[PDB]
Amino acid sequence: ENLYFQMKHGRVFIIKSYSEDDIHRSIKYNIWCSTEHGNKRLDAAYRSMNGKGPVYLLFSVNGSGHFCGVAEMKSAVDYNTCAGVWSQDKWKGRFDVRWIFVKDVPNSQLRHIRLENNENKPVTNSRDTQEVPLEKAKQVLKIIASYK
């Protein structure tokens, strides 16, 4: 048995990127940037958590059919940083992450987990910075950590 994830202090968000280059850059330098409202959502979650548990980011490239890994948020959002470092030159800001897990996990392994906060749509049908309820997040993390 593996009962690790079945902890009650953490928040988990889907990260959806159009750009494979951004993913590579994120892994290399341990940074990310979302949209304006996405950054705001993540920033509120990180500040409200106050170190008492992780903010997890589940990364997936739009159209790829799989998730590509997991990172933990490691800083609040700095909104005034060098522009043009990402795919689209109009992302504003930057925060630190630590990539915790880098591998492809097909959507088939996850489509049966549904998000009651998103009309019961499959977690694999989520938009950028969709938050995942903790009880569903535990199931997602378990499947990702044990896919071979």
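Each form is matched to the other, and the largest set of C-alpha atoms that superpose within 1.5 Å is called the rigid core. All residue numbers refer to positions in the sequence shown, first residue = 1.
**Q** Say the other structures are aligned on the rigid core; which stretch then has the higher CA RMS in 8 other deposited structures of this protein, 120-128 or 8-16?
**A** Evaluated in 8 other deposited structures of this protein, the stretch farther from the shown form is 8-16.
**Q** Enter the number of deposited residues without atomic coordinates between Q6 and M7, binned as none, 1 to 3, 4 to 9, or 10 or more.
**A** Missing in between: 1 to 3 residues.
**Q** Using only C-alpha atoms and the B-factors in the entry, which stretch averages higher, 41-49 or 25-33?
**A** Going by the record's values, the stretch with the higher mean is 41-49.
**Q** Regarding 120-128 and 14-22, which shows the higher C-alpha temperature factor on average in the entry?
**A** Higher mean C-alpha B-factor in the PDB entry: 120-128.
**Q** Highest CA temperature factor in the entry: which of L58, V55, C82, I100?
**A** In this record, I100 carries the highest C-alpha B-factor of the candidates.
**Q** Looking at the C-alpha B-factor of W86, is it in the lowest, middle or highest third of its chain?
**A** Ranked within chain, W86 CA B lands in the middle tercile.
**Q** Sorting by Cα B-factor within the chain, modelled residues only, which third would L141 end up in: lowest, middle or highest?
**A** Answer is lowest: the recorded C-alpha B-factor places it there.
**Q** Going by the recorded CA B-factors, say which third of the chain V105 sits in, lowest, middle or highest.
**A** As the PDB entry reports it, the C-alpha B-factor of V105 lands in the highest third of its chain.
**Q** State the tercile, meaning the lowest, middle or highest third, of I113 with respect to the CA B-factors recorded for its chain.
**A** Highest third of the chain for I113's C-alpha B-factor.
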